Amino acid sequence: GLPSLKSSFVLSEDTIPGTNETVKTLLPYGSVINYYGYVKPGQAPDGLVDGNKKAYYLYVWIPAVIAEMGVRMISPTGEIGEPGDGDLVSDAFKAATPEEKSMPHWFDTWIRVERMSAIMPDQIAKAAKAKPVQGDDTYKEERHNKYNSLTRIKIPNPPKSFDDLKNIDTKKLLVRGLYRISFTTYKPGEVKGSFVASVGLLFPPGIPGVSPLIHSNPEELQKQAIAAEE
């Protein structure tokens, strides 16, 4: 499967025996969903970036406050075998051929994460048509993501130790709500073909995870989030 999606929190530091160097163990996100998708030929971009790049949007509903979110874009995917307990696989991906899924199209992803104006699930489709809200949980951008690197949305002044998130003033945590992930790339690449976007959520110590809901279609996301909170 995919490599482990790591948060920014250093779970442990260990010196390499004999040397002086340490290697940091990162704490993985506790709640991770991998969205396998497929951008079809002829699919109009959702918007423009940098005056000359076609951007596509993925929507994420984060159902509760979090200490951090990480987003990773990998492409292409090839065929994937049996989806795992945290894998979403879009209809467009299922309809694509193995050859189609195995053709590469881009390698460096420019990612933006913007919070949208929905407080509850039934405002999702509407909010996705409005401007983003105008901290990382309002606006975050990483113009280069290559070799499986992540874009992370973090709290303002994260402590070194994960365990120190205990008793953190909750007003510092990132808000529940709808986040739009924009992804694009640099010529001569293009956003086309298969990809997997892994979204990981980190909750403070002692707080059980809840999974993000993810979809490229805001109406479908809205349907799912409303069902999830009946």
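In this text, residue numbers run from 1 along the sequence as written.
Scan the PDB entry between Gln134 and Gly135 and report the missing deposited residues as one of none, 1 to 3, 4 to 9, 10 or more.
-> Missing in between: 4 to 9 residues.
Stretch with the higher entry mean CA B-factor, where the candidates are 158-166 and 27-35 = Between 27-35 and 158-166, it is 158-166 that shows the higher mean C-alpha B-factor.
Taking only the CA atoms, which stretch has the higher mean B-factor in the record, 102-110 or 123-131?
-> Averaging CA B-factors over each stretch, the winner is 123-131.
Position of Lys140 among the chain's modelled residues by C-alpha B-factor, lowest, middle or highest third = Tercile = middle for this residue's CA B-factor.
Consider only the C-alpha atoms of the modelled residues in this chain, order them by B-factor as the entry records it, and name the third containing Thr151: lowest, middle or highest.
-> Its C-alpha B-factor, which the entry lists for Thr151, ranks in the middle third among residues of this chain.
Compared with the other modelled residues in the chain, in which third is the CA B-factor of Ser117?
-> It belongs to the highest third of the chain when residues are ordered by C-alpha B-factor.
Considering only modelled residues of the same chain, in which third does the CA B-factor of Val89 rank: lowest, middle or highest?
-> As the PDB entry reports it, the C-alpha B-factor of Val89 lands in the lowest third of its chain.
Compared with the other modelled residues in the chain, in which third is the CA B-factor of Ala96?
-> Middle third of the chain for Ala96's C-alpha B-factor.
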